[PDB]
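Quick note: numbers below take in every heavy atom, side chains included, and nothing from hydrogens, waters or symmetry partners. In what follows, residues are counted from 1 in the order of the sequence shown.
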Amino acid sequence: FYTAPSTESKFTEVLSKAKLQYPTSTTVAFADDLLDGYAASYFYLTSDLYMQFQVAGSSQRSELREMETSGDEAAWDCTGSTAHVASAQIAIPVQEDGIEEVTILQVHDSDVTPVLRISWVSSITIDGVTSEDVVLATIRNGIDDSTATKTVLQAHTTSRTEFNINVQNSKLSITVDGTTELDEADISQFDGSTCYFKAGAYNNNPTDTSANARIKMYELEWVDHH
Ligand SMILES: O=C(O)[C@H]1O[C@@H](O[C@H]2[C@H](O)[C@H](O)[C@H](O[C@H]3[C@H](O)[C@H](O)[C@H](O)O[C@@H]3C(=O)O)O[C@@H]2C(=O)O)[C@@H](O)[C@@H](O)[C@@H]1O
Ligand SMILES: O=C(O)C1=C[C@H](O)[C@H](O)[C@H](O[C@H]2[C@H](O)[C@H](O)[C@H](O[C@H]3[C@H](O)[C@H](O)[C@H](O)O[C@@H]3C(=O)O)O[C@@H]2C(=O)O)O1
């Protein structure tokens, strides 16, 4: 009894350009499955036309992974001259108790390193400054450097919010409701890597492994320009 996001034509293109992973990195629905009405408790269309992702457990996910319409996985030069842009309208609800961080958008390399995570966090301390209930950008300092550079982007609101990630020429920028919140951060540490976008709910370090993280997307798309 779940309505498929594919029933809304605003999602047809991105679903044609995606596959769905759940609850780990195994694909449960390819683009053709998604376009043919795939729906489940963890991925469905709400009555007010949000594509909602929901998942419980440590490091579990319900996430779309960027694909080419050809069925090739997206694997663009992370630092190349072609601009790659992801845009999304996202409504982050109040997370259930025990949910401490939920990653909603990523630039991920073609191995095991997230270039960029945009995530909601219950708390974060960045150079002696503690912020509570915010949206955060985390950019890994390298494949061999586990550390990352973190930047508060927005105070969490339940309101629908426009996010835009623009990646071009060794730099990455993020806008939130049209306002630049991260201005050409350097990602040259991923020279020689290939990259792709992801969107959904990725549940990081919950304290209640039973609680559900939940994220709603009113619009979502990813493109390139040559
Ligand atoms: O505030 C810090 O910078 C904090 O980060 C700690 O390492 C983090 C790292 O910053 C980053 O958040 C990373 O993110 C993970 C993510 O949680 C998830 O597991 C994903 O699958 O992979 C991401 C990744 O590998 O980058 O998680 C690290 C973590 O240990 O939680 C430390 O550097 C810490 O000293 C520092 O205060
Ligand atoms: O998503 C993360 O932020 C996360 C960070 C960890 O440090 C790892 O990097 C981990 O990366 C995932 C990654 O996000 C993809 O889900 C990936 O999926 C691939 C798998 O190999 C699948 O089995 C499939 O065959 O192709 C997928 C693809 O590349 O699109 O798996 C890794 C991972 O779990 O190591 O998560």
Side-chain angles (χ1 to χ4, degrees), residues 1-22 28-29 31 33-56 61-67 69 74 84-96 99 101-108 116-121 133-137 152-167 173-182 196-204 212-225:
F1 55 80
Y2 300 103
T3 302
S6 63
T7 57
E8 283 294 303
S9 75
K10 62 178 175 175
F11 293 134
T12 296
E13 184 165 0
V14 66
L15 292 176
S16 306
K17 294 181 184 180
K19 59 191 187 182
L20 177 65
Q21 303 170 328
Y22 171 94
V28 295
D33 304 318
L34 297 171
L35 295 163
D36 184 70
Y38 195 81
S41 71
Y42 51 85
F43 176 85
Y44 70 89
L45 189 73
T46 69
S47 64
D48 59 341
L49 309 190
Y50 285 86
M51 181 168 52
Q52 179 173 271
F53 305 85
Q54 184 183 25
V55 67
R61 71 191 70 240
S62 179
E63 260 186 342
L64 301 169
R65 187 271 202 234
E66 187 197 1
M67 305 286 292
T69 59
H84 288 81
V85 180
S87 47
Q89 290 179 13
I90 297 169
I92 308 173
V94 175
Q95 297 297 307
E96 298 183 4
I99 297 297
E101 173 172 18
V102 184
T103 295
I104 68 186
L105 290 162
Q106 314 193 45
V107 179
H108 199 287
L116 161 71
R117 291 182 307 101
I118 295 178
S119 71
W120 172 83
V121 296
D133 194 21
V134 296
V135 183
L136 190 72
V152 171
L153 301 170
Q154 194 206 33
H156 176 221
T157 175
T158 43
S159 296
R160 193 193 300 164
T161 299
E162 180 72 59
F163 290 87
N164 187 282
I165 299 167
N166 179 289
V167 189
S173 290
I174 302 175
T175 71
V176 183
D177 289 329
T179 298
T180 301
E181 299 296 358
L182 185 69
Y196 57 86
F197 292 120
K198 313 181 86 182
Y202 171 35
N203 188 26
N204 315 115
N212 277 287
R214 188 169 63 84
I215 302 286
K216 310 189 307 191
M217 307 210 176
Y218 203 68
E219 310 282 357
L220 175 66
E221 61 167 329
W222 29 63
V223 300
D224 35 74
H225 317 288

Pair listing, side chain to side chain donor-acceptor pair (under 3.5 Å) test, anchored in residues 1-15, at least two apart: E13-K17

Could you tell me which residues satisfy side chain to side chain donor-acceptor pair (under 3.5 Å) with [X], sequence neighbours excluded, listed by chain and number?
{"X": "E101", "result": "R117, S119"}
{"X": "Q95", "result": "none"}
{"X": "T46", "result": "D48"}
{"X": "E219", "result": "none"}

Please list, chain by chain and in numerical order, all residues satisfying salt bridge (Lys or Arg N to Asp or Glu O under 4.0 Å) with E66, sequence neighbours excluded. none

Under the salt bridge (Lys or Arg N to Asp or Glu O under 4.0 Å) rule, collect the residues that match up with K216, sequence neighbours excluded. none

Using the side chain to side chain contact (heavy atoms under 4.5 Å, CB included) criterion, which residues pair with [X]? Sequence neighbours excluded.
{"X": "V152", "answer": "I124, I126, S131, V134, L136"}
{"X": "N164", "answer": "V85, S87, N166, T175"}
{"X": "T161", "answer": "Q154, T157, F163, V176, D177"}

To the nearest 0.5 Å, atom CZ of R160 lies from atom CD of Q89 at 6.0 Å

Can you name the closest pair of heavy atoms from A39 and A4 and give their distance? CB-CA, 3.8 Å

Who are the ring-ring contact (aromatic ring centres under 6.0 Å, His included) partners of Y38, not counting sequence neighbours? none

Could you list the residues that satisfy ring-ring contact (aromatic ring centres under 6.0 Å, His included) with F11, not counting sequence neighbours? none

